[PDB]
Amino acid sequence: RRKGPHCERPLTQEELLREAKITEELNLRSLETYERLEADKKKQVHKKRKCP
Amino acid sequence: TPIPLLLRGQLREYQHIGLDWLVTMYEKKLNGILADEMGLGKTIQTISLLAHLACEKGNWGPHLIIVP
Ligand SMILES: Nc1ncnc2c1ncn2[C@@H]1O[C@H](COP(=O)(O)OP(=O)(O)O)[C@@H](O)[C@H]1O
Ligand code: BEF
């Protein structure tokens, strides 16, 4: 009785939707440019000093 | 079969002819070795085959690339 088929939302791909998804992937390439550029590693300072 | 699809920075001669050969193999339902010697952009030829098949043979399927 406790069935869970998940046949709902039977989504399918189409040619008009193809170019839209290509468009968001072109934007994803543009975003990839932010991965193609680079910044620095942020190194760290020395340990605290004793004083007895 | 010698035609670039939604791709950028287009091929040079042997790469375009290789794209043509690859989609010719696909159309005849064949499987192939692109045994091109190194530097002929066989990666780029394969990417162009990906694009060509995606736009011209229905839609793209999940091509799996297993590499070193
Ligand atoms: N047709 C091409 N046009 C522009 N650049 C290319 C082309 N083919 C290869 N390159 C550049 O030269 C390098 C060599 O390509 P590569 O993928 O190493 O070919 P292969 O793997 O077949 O040796 C790549 O990093 C690529 O950026
Ligand atoms: F032709 Be290669 F080195 F992929």
# chains A, B, ... in the order shown; residues from 1 in each chain; ligands from 1
>>> interface_residues(of="chain A", to="chain B", cutoff="10 Å", atoms="only C-alpha atoms", output="list in words")
residues 13, 14, 15, 18, 19 and 22 of chain A
>>> write_last_selection(atoms="C-alpha atoms", output="PDB file, in the first residue's frame")
ATOM      1  CA  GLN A  13      13.916  17.934 -23.385  1.00  0.00           C
ATOM      2  CA  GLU A  14      12.995  19.929 -26.500  1.00  0.00           C
ATOM      3  CA  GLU A  15      14.722  21.861 -29.276  1.00  0.00           C
ATOM      4  CA  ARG A  18      17.786  23.392 -26.085  1.00  0.00           C
ATOM      5  CA  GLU A  19      18.928  26.894 -27.021  1.00  0.00           C
ATOM      6  CA  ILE A  22      22.676  26.542 -24.077  1.00  0.00           C
TER       7      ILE A  22
END
>>> residues_near_ligand(ligand="ligand 2", cutoff="10 Å", atoms="only C-alpha atoms and all ligand atoms", output="ChimeraX atom specification")
/B:34-46,67
>>> select_by_dssp(residues="chain B", states="alpha helix (DSSP H)", output="ChimeraX atom specification")
/B:13-27,42-56
>>> write_last_selection(atoms="C-alpha atoms", output="compact mmCIF listing (two decimals), in the first residue's frame")
# COMPACT_ATOMS: atom_id res chain seq x y z
CA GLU B 13 41.94 21.57 -41.78
CA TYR B 14 42.69 18.08 -40.47
CA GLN B 15 40.53 18.66 -37.39
CA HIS B 16 37.53 19.60 -39.55
CA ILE B 17 38.04 16.59 -41.82
CA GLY B 18 38.35 14.46 -38.68
CA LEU B 19 35.06 15.83 -37.36
CA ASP B 20 33.60 14.84 -40.72
CA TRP B 21 35.02 11.30 -40.43
CA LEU B 22 33.77 10.93 -36.85
CA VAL B 23 30.19 11.91 -37.64
CA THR B 24 30.39 9.70 -40.73
CA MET B 25 31.27 6.79 -38.44
CA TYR B 26 28.40 7.74 -36.13
CA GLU B 27 25.94 7.94 -39.04
CA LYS B 42 41.91 14.88 -31.12
CA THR B 43 40.32 16.22 -27.93
CA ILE B 44 39.01 19.17 -29.93
CA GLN B 45 37.87 16.93 -32.78
CA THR B 46 35.97 14.84 -30.23
CA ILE B 47 34.42 17.96 -28.66
CA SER B 48 33.30 19.08 -32.12
CA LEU B 49 31.79 15.63 -32.73
CA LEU B 50 29.94 16.05 -29.43
CA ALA B 51 28.52 19.38 -30.62
CA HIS B 52 27.65 18.17 -34.13
CA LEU B 53 25.78 15.10 -32.87
CA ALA B 54 24.04 17.15 -30.18
CA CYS B 55 22.60 19.66 -32.64
CA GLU B 56 22.00 17.36 -35.62
>>> atom_distance(atom1="atom 24 (C, counted along the ligand's line) of ligand 1", atom2="atom CA of residue 39 of chain A")
24.0 Å
>>> atom_distance(atom1="atom CA of residue 63 of chain B", atom2="atom CA of residue 32 of chain B")
15.1 Å
>>> atom_distance(atom1="atom 11 (C, counted along the ligand's line) of ligand 1", atom2="atom CA of residue 24 of chain A")
25.3 Å
>>> closest_residue(among="B:1, B:68, B:31, B:57", to="ligand 1", atoms="only C-alpha atoms and all ligand atoms")
B:68
>>> decode(residues="chain B", atoms="C-alpha atoms", output="PDB file, in the first residue's frame")
ATOM      1  CA  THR B   1      29.225  16.241 -42.182  1.00  0.00           C
ATOM      2  CA  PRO B   2      31.973  18.867 -42.649  1.00  0.00           C
ATOM      3  CA  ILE B   3      30.130  21.543 -40.659  1.00  0.00           C
ATOM      4  CA  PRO B   4      30.769  23.164 -37.241  1.00  0.00           C
ATOM      5  CA  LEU B   5      27.871  23.494 -34.797  1.00  0.00           C
ATOM      6  CA  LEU B   6      27.504  25.584 -31.606  1.00  0.00           C
ATOM      7  CA  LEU B   7      31.257  25.795 -31.076  1.00  0.00           C
ATOM      8  CA  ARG B   8      33.834  28.597 -30.893  1.00  0.00           C
ATOM      9  CA  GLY B   9      37.370  29.101 -32.192  1.00  0.00           C
ATOM     10  CA  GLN B  10      36.856  26.918 -35.212  1.00  0.00           C
ATOM     11  CA  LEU B  11      38.881  23.933 -36.401  1.00  0.00           C
ATOM     12  CA  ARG B  12      41.865  23.794 -38.716  1.00  0.00           C
ATOM     13  CA  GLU B  13      41.940  21.568 -41.781  1.00  0.00           C
ATOM     14  CA  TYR B  14      42.688  18.079 -40.475  1.00  0.00           C
ATOM     15  CA  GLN B  15      40.530  18.663 -37.393  1.00  0.00           C
ATOM     16  CA  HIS B  16      37.531  19.597 -39.549  1.00  0.00           C
ATOM     17  CA  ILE B  17      38.043  16.588 -41.824  1.00  0.00           C
ATOM     18  CA  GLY B  18      38.350  14.463 -38.676  1.00  0.00           C
ATOM     19  CA  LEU B  19      35.059  15.826 -37.363  1.00  0.00           C
ATOM     20  CA  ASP B  20      33.596  14.836 -40.724  1.00  0.00           C
ATOM     21  CA  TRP B  21      35.016  11.304 -40.430  1.00  0.00           C
ATOM     22  CA  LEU B  22      33.770  10.926 -36.852  1.00  0.00           C
ATOM     23  CA  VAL B  23      30.195  11.912 -37.640  1.00  0.00           C
ATOM     24  CA  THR B  24      30.394   9.697 -40.733  1.00  0.00           C
ATOM     25  CA  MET B  25      31.271   6.788 -38.437  1.00  0.00           C
ATOM     26  CA  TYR B  26      28.397   7.737 -36.129  1.00  0.00           C
ATOM     27  CA  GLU B  27      25.944   7.939 -39.037  1.00  0.00           C
ATOM     28  CA  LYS B  28      26.922   4.470 -40.300  1.00  0.00           C
ATOM     29  CA  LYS B  29      26.525   3.298 -36.663  1.00  0.00           C
ATOM     30  CA  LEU B  30      30.255   2.481 -36.477  1.00  0.00           C
ATOM     31  CA  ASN B  31      32.757   2.812 -33.623  1.00  0.00           C
ATOM     32  CA  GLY B  32      36.264   4.133 -34.192  1.00  0.00           C
ATOM     33  CA  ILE B  33      39.756   4.880 -32.977  1.00  0.00           C
ATOM     34  CA  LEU B  34      40.971   8.424 -33.607  1.00  0.00           C
ATOM     35  CA  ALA B  35      44.599   7.301 -33.561  1.00  0.00           C
ATOM     36  CA  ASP B  36      45.778  10.775 -34.585  1.00  0.00           C
ATOM     37  CA  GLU B  37      49.334  11.518 -33.538  1.00  0.00           C
ATOM     38  CA  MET B  38      49.700  13.874 -30.627  1.00  0.00           C
ATOM     39  CA  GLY B  39      48.958  17.579 -30.987  1.00  0.00           C
ATOM     40  CA  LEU B  40      46.388  17.158 -33.782  1.00  0.00           C
ATOM     41  CA  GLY B  41      43.734  18.195 -31.261  1.00  0.00           C
ATOM     42  CA  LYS B  42      41.911  14.875 -31.125  1.00  0.00           C
ATOM     43  CA  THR B  43      40.324  16.216 -27.931  1.00  0.00           C
ATOM     44  CA  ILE B  44      39.009  19.172 -29.933  1.00  0.00           C
ATOM     45  CA  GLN B  45      37.865  16.929 -32.780  1.00  0.00           C
ATOM     46  CA  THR B  46      35.965  14.836 -30.227  1.00  0.00           C
ATOM     47  CA  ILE B  47      34.416  17.957 -28.664  1.00  0.00           C
ATOM     48  CA  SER B  48      33.299  19.077 -32.124  1.00  0.00           C
ATOM     49  CA  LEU B  49      31.787  15.630 -32.730  1.00  0.00           C
ATOM     50  CA  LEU B  50      29.941  16.048 -29.433  1.00  0.00           C
ATOM     51  CA  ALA B  51      28.521  19.376 -30.615  1.00  0.00           C
ATOM     52  CA  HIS B  52      27.649  18.165 -34.125  1.00  0.00           C
ATOM     53  CA  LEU B  53      25.775  15.102 -32.874  1.00  0.00           C
ATOM     54  CA  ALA B  54      24.039  17.148 -30.179  1.00  0.00           C
ATOM     55  CA  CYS B  55      22.601  19.655 -32.638  1.00  0.00           C
ATOM     56  CA  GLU B  56      22.000  17.358 -35.619  1.00  0.00           C
ATOM     57  CA  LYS B  57      20.995  13.898 -34.300  1.00  0.00           C
ATOM     58  CA  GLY B  58      18.171  14.720 -31.901  1.00  0.00           C
ATOM     59  CA  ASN B  59      19.741  15.845 -28.638  1.00  0.00           C
ATOM     60  CA  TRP B  60      22.879  15.313 -26.590  1.00  0.00           C
ATOM     61  CA  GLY B  61      23.129  12.251 -24.395  1.00  0.00           C
ATOM     62  CA  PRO B  62      25.435  11.876 -21.392  1.00  0.00           C
ATOM     63  CA  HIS B  63      28.741  11.181 -23.124  1.00  0.00           C
ATOM     64  CA  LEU B  64      31.137   9.605 -20.618  1.00  0.00           C
ATOM     65  CA  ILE B  65      34.822  10.487 -21.059  1.00  0.00           C
ATOM     66  CA  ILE B  66      37.224   8.223 -19.161  1.00  0.00           C
ATOM     67  CA  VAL B  67      40.711   9.702 -19.106  1.00  0.00           C
ATOM     68  CA  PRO B  68      44.045   9.484 -17.289  1.00  0.00           C
TER      69      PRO B  68
END
